[PDB]
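*Asks:* take a look and give me a structure for this.
(one chain, ligands or ions: 3)
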Amino acid sequence: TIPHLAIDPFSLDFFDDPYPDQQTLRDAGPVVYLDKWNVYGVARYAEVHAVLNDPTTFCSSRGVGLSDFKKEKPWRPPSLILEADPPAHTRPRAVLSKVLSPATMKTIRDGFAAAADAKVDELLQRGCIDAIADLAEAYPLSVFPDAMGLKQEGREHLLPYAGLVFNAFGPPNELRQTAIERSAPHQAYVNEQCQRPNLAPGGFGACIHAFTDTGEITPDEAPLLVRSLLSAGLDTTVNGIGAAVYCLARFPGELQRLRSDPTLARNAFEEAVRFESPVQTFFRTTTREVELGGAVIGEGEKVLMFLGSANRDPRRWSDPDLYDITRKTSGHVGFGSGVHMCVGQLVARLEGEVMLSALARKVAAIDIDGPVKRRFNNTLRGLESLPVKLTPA
Ligand code: HEM
Ligand SMILES: COc1ccc(C(=O)O)cc1
Ligand SMILES: [Cl-]
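*Replies:* Numbering: from 1, shown residues only. Ligands and ions are numbered 1, 2, ... in the order given. Sure, structure below:
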């Protein structure tokens, strides 16, 4: 019954061309058994969406990577939000939700939009740019660290620190073991910046620490919640903006549609998150025996969810392999779904929308011109280099 697959969804060969293996994942059955990591997988939209939306049965407090925190020591002290279940999750979730609320976004949106317009104007002076280094990375680096209230020095650690955190969800392969062996200087940098004296007034970090004054969180919790924004808040949006530029470069007809109606910017960014799914996978662990995909899975079992595959599952999406900036994207799982659904999603959408808006208004063509190089990571999907030529409007 439950079919076996030898597919290693954490291997270099899979990252370099995942779609034929994702389709085998889906077609083999609603639940698969991965022999490479002795773990159950669900790759269809129906199972992934159901598991995200039953956190009681499929918990996050035993870890959302392969490692079971009941059985093995976590590689770092657990996140208070990502690796917690309700009710322990609920208070820190409510705190970060207020820190990153629609009201907060309104207060920072003009400066984010101005930085994205200035960036696109500067890139158009050079013409030949790397859409990763000069855009997908440079743009969030120019707005997010400042929005957090970080000091200038040490910011070069932010991307490798996120790369470590996202590799650490994976199985114990070489990407994970190498990242953990090199982790100490990145972790020392982030640990210092999570402290209250180091976070400038008015930014997200100081706003988090302001909740210690009323007692909503303790002095020990506050630096761990700042740590969640420094683990997830930059490299995700780097890879989301990168996906969107890549999609627009490969689908020239969709770029023209966006130029013809720039109000499509926010949806063209949502559709890039669905299409590429920058965060490809998370796990859950069962807290009871449960029927999943017609099979009775025992209590205590890891289940790997393939969010990228759910987002491309033809049982749910029409022409899922096409980038379509007017697709109805509501329901995609690129930001997760339910109680843990991305608490930073308004920040990611803000950055995505204002950058795509600047591109829609200022650029007439995006042509790939030189070797595209993939970056490999156990959880994040994206490119290391995307050289392009931008033609001004
Ligand atoms: C395109 C960009 C992004 C993508 C694709 C993404 C993806 C995800 C996904 C799939 C989850 C669900 C985790 C789960 O169910 O276990 C999540 C949660 C989370 N995200 Fe995002 N994210 C992005 C941007 C951001 C940003 C900008 C921030 C912060 C400023 C952020 C902070 C977090 C945090 C702290 C959680 C844990 C929420 C919880 O457990 O309740 N993310 N995100
Ligand atoms: C979506 O990826 C992450 C990674 C880490 C954290 C965290 O450290 O809380 C949250 C979400
Ligand atoms: Cl850490």
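
*Asks:* checking residue 114 next. Helix, strand or coil?
*Replies:* Following DSSP: H, G, I helix; E, B strand; the rest coil, we place residue 114 in the helix state.

*Asks:* mind listing what it touches?
*Replies:* Residues counted as contacts of residue 114 (C-beta atoms under 8 Å, 6 or more residues apart in numbering): none. Bear in mind the C-beta positions are built from the backbone N, C-alpha and C, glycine included.

*Asks:* show me what contacts the nearest residue to residue 384 once chain neighbours are set aside?
*Replies:* Nearest in space to residue 384, with sequence neighbours left out and distances taken as C-beta to C-beta, 6 or more residues apart in numbering, is residue 375 at 4.0 Å. Going by C-beta under 8 Å, 6+ apart, residue 375 touches 382, 383, 384.

*Asks:* and the last one, which helix or strand is it part of?
*Replies:* Spelled out, it's residue 384. Secondary structure assignment for residue 384, by DSSP states H and E: strand 382-385.

*Asks:* list the strands paired with that strand, with their directions.
*Replies:* According to DSSP bridges, strand 382-385 forms sheet pairs with strand 373-375 (antiparallel).

*Asks:* burial of residue 361, as a residue count?
*Replies:* Residues lying near residue 361 (other C-beta atoms under 10 Å) number 14.

*Asks:* check contacts around the residue nearest to it when sequence neighbours are not counted.
*Replies:* Excluding the flanking residues, the one nearest residue 361 by C-beta to C-beta, 6+ apart is residue 262, at 5.8 Å. For residue 262, the contacting residues are 357, 360, 361, by C-beta under 8 Å, 6+ apart.

*Asks:* residues near residue 28, how many?
*Replies:* 17.

*Asks:* how near is it to residue 36?
*Replies:* Per C-beta to C-beta, to the nearest Å, residue 28 is found 14 Å from residue 36.

*Asks:* now swap in residue 301 and tell me
*Replies:* From residue 301 to residue 36 the distance is 16 Å (C-beta to C-beta).

*Asks:* do residue 196 as well
*Replies:* Where residue 36 is concerned, residue 196 sits at a distance of 44 Å (C-beta to C-beta).

*Asks:* can you check residue 75 too?
*Replies:* Note on residue 75: its distance to residue 36, by C-beta to C-beta, is 20 Å.

*Asks:* go on, residue 96?
*Replies:* Taken as C-beta to C-beta, the span from residue 96 to residue 36 is 35 Å.

*Asks:* so what's residue 229 up against?
*Replies:* Here residue 229 is in contact with 96, 148, 204, 205, 208, 344 (C-beta under 8 Å, 6+ apart).

*Asks:* and the closest residue to ligand 3 within the stretch 151-300 of the chain, what helix or strand is that in?
*Replies:* In the stretch 151-300 of the chain, no residue comes nearer to ligand 3 than residue 187, which is 4.2 Å away by C-beta to the ion. Element membership for residue 187 (DSSP H and E) is helix 184-193.

*Asks:* what comes up buried for that helix?
*Replies:* By 16 or more other C-beta atoms under 10 Å, the buried positions in helix 184-193 come out as 186, 189, 190, 193.

*Asks:* residue ranges for the helices of the stretch 101-250 of the chain, please.
*Replies:* Secondary structure of the stretch 101-250 of the chain (DSSP state H, counting those that start in this stretch): helices at 102-126, 138-148, 158-168, 174-181, 184-193, 204-214, 221-232, 235-250.

*Asks:* same deal with the stretch 251-393 of the chain?
*Replies:* Ranges of helices in the stretch 251-393 of the chain, per DSSP H, counting those that start in this stretch, are 252-260, 265-276, 307-311, 345-362.
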